[PDB]
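Peer 1: My questions all concern the structure below.
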Amino acid sequence: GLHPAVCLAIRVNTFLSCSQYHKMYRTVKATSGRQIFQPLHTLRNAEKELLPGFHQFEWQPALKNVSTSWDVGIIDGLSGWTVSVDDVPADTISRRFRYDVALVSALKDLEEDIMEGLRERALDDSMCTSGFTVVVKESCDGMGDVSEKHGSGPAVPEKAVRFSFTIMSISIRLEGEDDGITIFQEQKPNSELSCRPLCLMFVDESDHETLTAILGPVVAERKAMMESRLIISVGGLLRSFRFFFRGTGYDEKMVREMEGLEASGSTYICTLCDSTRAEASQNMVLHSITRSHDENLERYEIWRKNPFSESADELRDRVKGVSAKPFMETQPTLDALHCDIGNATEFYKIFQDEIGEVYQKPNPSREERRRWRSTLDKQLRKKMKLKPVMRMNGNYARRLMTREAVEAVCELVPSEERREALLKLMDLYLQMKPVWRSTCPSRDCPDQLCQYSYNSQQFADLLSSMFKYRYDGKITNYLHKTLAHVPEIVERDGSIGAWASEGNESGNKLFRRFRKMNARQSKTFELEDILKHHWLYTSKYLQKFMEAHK
Amino acid sequence: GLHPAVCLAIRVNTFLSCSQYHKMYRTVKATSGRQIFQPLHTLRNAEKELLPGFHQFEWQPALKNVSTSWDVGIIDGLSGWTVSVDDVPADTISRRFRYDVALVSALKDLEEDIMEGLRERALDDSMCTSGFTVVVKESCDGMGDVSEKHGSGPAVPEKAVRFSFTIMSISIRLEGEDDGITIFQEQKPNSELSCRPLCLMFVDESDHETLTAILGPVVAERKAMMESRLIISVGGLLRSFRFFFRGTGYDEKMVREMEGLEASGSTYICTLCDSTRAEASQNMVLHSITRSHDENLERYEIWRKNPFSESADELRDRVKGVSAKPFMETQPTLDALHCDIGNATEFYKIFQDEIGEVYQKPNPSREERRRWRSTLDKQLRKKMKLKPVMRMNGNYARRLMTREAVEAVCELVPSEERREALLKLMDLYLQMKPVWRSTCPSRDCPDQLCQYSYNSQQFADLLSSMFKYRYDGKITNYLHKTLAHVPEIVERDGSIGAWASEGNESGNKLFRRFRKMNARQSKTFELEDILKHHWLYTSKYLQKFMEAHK
Amino acid sequence: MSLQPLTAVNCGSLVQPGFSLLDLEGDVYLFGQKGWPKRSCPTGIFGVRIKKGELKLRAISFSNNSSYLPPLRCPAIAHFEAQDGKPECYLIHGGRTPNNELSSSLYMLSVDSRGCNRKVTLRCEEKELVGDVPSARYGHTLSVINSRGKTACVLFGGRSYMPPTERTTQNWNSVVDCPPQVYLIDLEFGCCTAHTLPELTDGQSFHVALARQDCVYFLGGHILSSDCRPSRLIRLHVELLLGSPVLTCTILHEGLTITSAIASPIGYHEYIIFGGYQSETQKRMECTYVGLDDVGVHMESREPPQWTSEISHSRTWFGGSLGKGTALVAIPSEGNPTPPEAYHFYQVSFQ
Amino acid sequence: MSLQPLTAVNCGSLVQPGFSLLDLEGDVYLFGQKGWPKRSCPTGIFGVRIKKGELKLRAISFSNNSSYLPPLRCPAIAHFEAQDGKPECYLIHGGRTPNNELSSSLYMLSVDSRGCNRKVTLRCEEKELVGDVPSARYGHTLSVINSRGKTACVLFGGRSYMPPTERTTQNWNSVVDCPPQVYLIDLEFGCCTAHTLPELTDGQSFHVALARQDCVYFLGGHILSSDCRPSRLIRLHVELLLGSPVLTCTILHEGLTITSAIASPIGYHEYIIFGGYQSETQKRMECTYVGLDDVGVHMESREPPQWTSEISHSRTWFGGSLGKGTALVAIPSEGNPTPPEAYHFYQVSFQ
DNA sequence: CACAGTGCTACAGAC
DNA sequence: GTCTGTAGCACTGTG
DNA sequence: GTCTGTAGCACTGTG
DNA sequence: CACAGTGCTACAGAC
DNA sequence: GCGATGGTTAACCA
DNA sequence: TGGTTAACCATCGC
DNA sequence: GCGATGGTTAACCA
DNA sequence: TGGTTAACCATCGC
Ligand SMILES: [Mg+2]
Ligand SMILES: [Mg+2]
Ligand SMILES: [Mg+2]
Ligand SMILES: [Mg+2]
Ligand SMILES: [Zn+2]
Ligand SMILES: [Zn+2]
């Protein structure tokens, strides 16, 4: 017959509801069997191994303010809310894995592949056990429009925030004095099967009380985790690891309320640097990264305290937009996806503006503006094959950003110098497009990384020259970032778009199916099985069972 | 290994994407195989023996103005719109089966069970092949909110219309002089697995142009189909069938739209009778069913021609709601689902009214109405375990009208002779619920059918006396029908709920799962696959492979 | 010769690609709303008034004597001008019903009484048709002729559903040009006799007819069989004689090729032809002044109103004359959430 | 006594179950709000006005020399009355930060300068604390005392997160009553000394403190150790003498058993206690007039206002005194689409 | 430069 | 000569 | 004595 | 009186 | 949540 | 006055 | 479609 | 005058 684990992989990888899988199993058993598939119960006990709270492990030194028990599974995210009618309400439904246990079950999942690396690298598998380093991308995204279930209660919001992490790489260092050798480097970080769901809530991310009240313990786990080395028995030998966290693949609204900024359309645009709106439109390309987490903290402390006794606006100008207190560190960087979409919405604006001629008529009425858009979308429907979307998805963004698509707009634009202007513009943008999209720019697209700065100078001078009528005193957030800070963060991090929110947001799609297809389903246990089945979806130990190579 | 068809039904009946099925297949083959499942191509080959346009059949006499070719599969529902720019647009995308071919597949697929009926009846399978009669419930429903695809075009609405049919029964009459004996009586018509999708459109259903355009051919082959008798070789013997057509399981907006009546809240509130609102409020319970298709046509001619030369309102009062011309004949009946829902929304209004005393205060401020709904839903969720809902779903409507929930809202209303007023009201209503909603009232719940009229009298004058402040000059459509025309119909049919809109509007869930996971997906090719895979879902021959004697 | 953009305010939802604007006794009336009449308008006819860039529609009550016609999409419209003892009619036949069907019942529309606030009571009398009746057809044209001195109607063009042999469930919504036979329609009584003659080898469709003093000029139609748009121009000459009518027709060596064209009567018999299409993709831009001389029709190309980008790049467009040398056109608009005004409207004016 | 139903108009989203209403120099000010301060109100403090059933909130600018406090949800509020040196201040400590934490820093809020038209500048100066300092805690109470004749602030009650050593990531939001030690807070300088009570065997929370000359009455509040609400009433009597304060506490063992009570001053020292809860499924409908006699506190039951059905059947409710005998309460509302204003508001008044 | 599908026809590599 | 398996196609849904 | 299979639970989504 | 699930614990019927 | 009916009231053209 | 007149309402069903 | 920023303009209480 | 307070619009990101 079939091995139980292999079968279980057949199940979770093909998206099979346990009910549906029991249907199939029963059938093939009763009809010409001699059963092949293993019945539900052996599957259920076979997956005990994969889920967190299985493999025994220990940190050194022991974590500050964390439980030492390693067998703990799904926990209600409340983390002890005393549910007094008098106190803050219990409204939230949440289920999360305790961070470190999730981490070990995700990494002990890669034991085979890190052994693979150690063998392939021609390193001794027995030698150098303690010199491991592990780079991990954490991510968080809110997802609206989640149907509430009738249930027993509690009455709970229709928004759901989903929080996850992906293991990007593991590299040896010790002996020392080296680059460190990369044992494992994830091939497709932009895949949903590379993303392991950590936590599940029903909360709006604009509701700060509740969100901080759930995610607080998690962040604590992080601040502890940055120090101690992990210790796991792996591949037969007990080895010691390290952990590097990159908070990345957040949308900007989320960065700003989590990094405690004033958001998102204010006169202080950039997360990374202090430049104002008009100040940034004045000179675009030249900026240096300044603001970080520790900085945001000291800034809050000099806002809340306000030692020099400045009034509202001068104080707001001293701290450059730090009002709220940041509770979470985020490595400074630009999301590939949302920046792409942002630039595409700005270009949507520009195209709209060149349908009629809007630098000749400084303030046109709303009517012929709607008229203009209808023109633009009729055209974009004909050529480029594009439905007039409500909110702009990244797919649209990728389809409209081409020389090819810009051509469709070139047709309507009345004059030649403008028609040529936005074409030249798009060419300039596409030459700089892969640097924040492509996985590893250093190699994949070397010259476009080499020539970026000059090219952005070109672009910005095109704006300042022929497009100034729009960009006189203003420029968008993301467009600013992409015309300023790309070279810096690439030559620092080494990659961008490798760190993209793409992996995480895609995860949201899975959530929905899992909630609908693989849930209980009731408000008591839903997140239980969503989170479970999802974590079982991402596991490489099942996935290479599904490879069954060739 | 195992049989191709059995496997095909391991897929279709478990909701398995062909790609996913191929994933699993490849895995179980490569790992300890000795392949078990059949590769995709023999599945695709196997399902050609089910889908319509397979089995050869013949009608006598020949169907008027319909093609005689029996092998035809999926047809684009356009029926060849000439797509001149200058004519009416080609905007709609549609895929339908040719009606009769669909039927013969959905029937010869019941061949095993019809022979089963013959041998079980201890009838001789060779004798009496002519006297077969088949009663089929056709249905239609609009489903809003369908995403466009970016596609090549054409520009197409975000609404869909899904038209289907279920075979309800087959009975033998000949020799003659008898009841006719029921060979096959469907056990669960309210299941989605009993409803076979016949036609699929992307069209708004309040768009009469395109709806009548695409759905026209269907109705025509209907008007032909009710006359000629079908002839099918079945069980080795060529046998002759008759067909009976019950239009049922339509929403009322759809009804009114299709018979050319006023919609839906007008002064003529009845599909099955001529009474106005006031006339219905005065004497609630006594009405005799009048309305039908043929004289609805005569009515349209009276309106359009206006032979006696009458003023607009005098003419509209004479012909009583007939302005438009009826396209399609439907049986004069009450949909179970939307009636449960509509009576429940009426009751929602009555409870809401009985929180703050609304007969003491002839009119409220909107603010205190909002207040009343707030308290109502807060308490309802507290006890009855019901979240507040934006629309009235049937499930909510079922958890709503009970003694439980009424005694839940009886806590709020301060007056103690009003409490047992609406309580006794609900008791009466519950006592009259199963008569329309049961599958076969004559059998299932004989005394409630027996005592209906008297009971509805009680209900009615309970309103007219105690509740009159609301019901003085007005009442709900559905609430009118259910207090009048239930007894008339269930002795004209034998059931109401058996004919309900459940089978069809459960089919929407399947439309969305299939389009989303079992479609192409390109705007051109998608409907083909939704419709095909769905038809394959409903097939009995594929379904009975899923127990095989449990 | 300029355009102004219009806002449709409320109720743009009742305009659809096939429709008709009837100019009689001053104010002009929209006809053929989308779908069956909602009881906000039990008649199905809207008085349309344009003030200060604003397009407005108003319900028109019907007189007690009237039959209430369905909202037909592409009927043949002919203005029957005021004279003894009729005045004054808009003749409509037959269009095609919202529940998709073709009428083949000729409606005679007229004004009755007013105002008092300048309401207009209208009356619709379908005229029964004796003799061989013109088949159900749509998108054709009909026009008025006056000869010695008897007045009648001439009916020509259009398409129809397949004849009840080729009739099919698979081929239904597929149409075909009707046979090239004109119908001479005596407006009293309902006798309409069919007529034919060799110079018509095919049914033209969506063509525009113009009528002056017992002569009718048909601008290029759309032929389905050979799927092309003849630059040929039809001229028919009818002599009404007791007891038999004589029709003689001829061709113009060259002329205009356009389908689905809008005609606005600027002068006496001279209309600016706005025009729909030169081709199955490319739509007609240049506008053509068409005068009618007793010698023969002639077309002077007029400098086309400067087009805003939208109306120039549209795939399809439609409209009708408000009259007064002024016409209304509409461009289908796309974006979501649906505007929900399915059409942007433009007023276009000559002189 | 009666209630007037209120409409929230705009700005209804800035109230959350924990919050404060400070009555000083005429108009009363909403303090604490959902989330961090937005730029519509960089301070976070809102002036509130009620006119003709309308509840209005407006921004309050801060003076230059001021600090800016976070929107604390359940702080201990004490009105420090007009006297030397600077009138008149609302004392706030320490609340719970929207980014979830407890501010252990005590804020001193004073009125600074008006006008002109309905405009008041407020100055927020946190007073640094030398000690012996009190822990971060929330939902407790703080009240003003005057003894011979030196003035101080008595601090007691409340909850906190489990002590740093025993706190888990699994048990965090586990929250325990703080130890039963009062703090005597000298308002200058920041020295606030801890003091232990022979009569207090348990930590109390959401209790309601009242105060008059050198005396404070703690009206009953929730205990999380035994999960019960004591009917007993706490009396404490402080005597401030150089160089050490002497506090004595006693019990009067019959009184109200309540949690989260709204105290609205009507007369000189006599508040009405509106009041939050009987049991944890039960909310107090019965309103209690509380006078303070030098002999001892006494409470007469007042006939409760007629409760409309909604406020009668709600699960939870909250509010604060507008002052002058008038108070504001709020009932959480639900239906979808969301209300959007999550709370309906009621005004309630004595006499 | 997201990714893992989405079902089907086309055409190759395999006994 | 039949059986089997991946690539081509345009486009998806998560933002 | 282990293995296997259905029932209990509250609630779904299509309206 | 919709229905076929929805995953899991409970407890029976089977070698 | 969208669309259509019906009547009350209120804006406005003559 | 008169008929809009756009509006706003509550009504009814999807 | 939703929430928050920011500037111009406009309603309104003194 | 003055700043409410609305009100609207255009900006910016989800
Ligand atoms: Mg979000
Ligand atoms: Mg429906
Ligand atoms: Mg519908
Ligand atoms: Mg997001
Ligand atoms: Zn920047
Ligand atoms: Zn009736």
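In order, the residues displayed for chain A correspond to 480-1029 in Swiss-Prot numbering, which applies throughout.
Looks like electron microscopy, 3.4 Å, at least that's what the header says.
Every residue, even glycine, has its Cβ placed from backbone N, Cα and C.
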Peer 1: A:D730, A:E984 bind divalent metal cation according to Swiss-Prot; which of A:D604, A:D620, A:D624 goes with them?
Peer 2: A:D620
Peer 1: Please list, in sequence order, the residues in the chain of A:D620 (divalent metal cation binding site) that are at least six apart in sequence and whose C-beta is under 8 Å away from its C-beta.
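Peer 2: Listed in sequence order: A:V640, A:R641, A:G728, A:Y729, A:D730, A:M733, A:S980, A:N983, A:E984, A:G986, A:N987.
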Peer 1: Would you list, in sequence order, the residues of this chain other than A:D620, A:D730, A:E984 that have their CB within 8 A of the centroid of the site's CB atoms, where the site is the one recorded for divalent metal cation?
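Peer 2: Nearby residues not in the site list: A:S618, A:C619, A:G621, A:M622, A:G728, A:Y729, A:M733, A:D814, A:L816, A:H817, A:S980, A:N983, A:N987.
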Peer 1: Please state whether DSSP places A:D730 (divalent metal cation binding site) in a helix, a strand or coil.
Peer 2: coil
Peer 1: For A:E984 (divalent metal cation binding site), what is the secondary structure by DSSP, using just helix, strand and coil?
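Peer 2: A:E984 (divalent metal cation binding site) sits in a helix per DSSP.
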Peer 1: Three-state secondary structure of A:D620 (divalent metal cation binding site) from DSSP?
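Peer 2: DSSP assigns A:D620 (divalent metal cation binding site) to strand.
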Peer 1: Counting every protein chain present, what is the number of Cβ atoms, excluding its own, within 10 Å of the Cβ of A:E984 (divalent metal cation binding site)?
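Peer 2: Looking across every protein chain shown, the total is 21.
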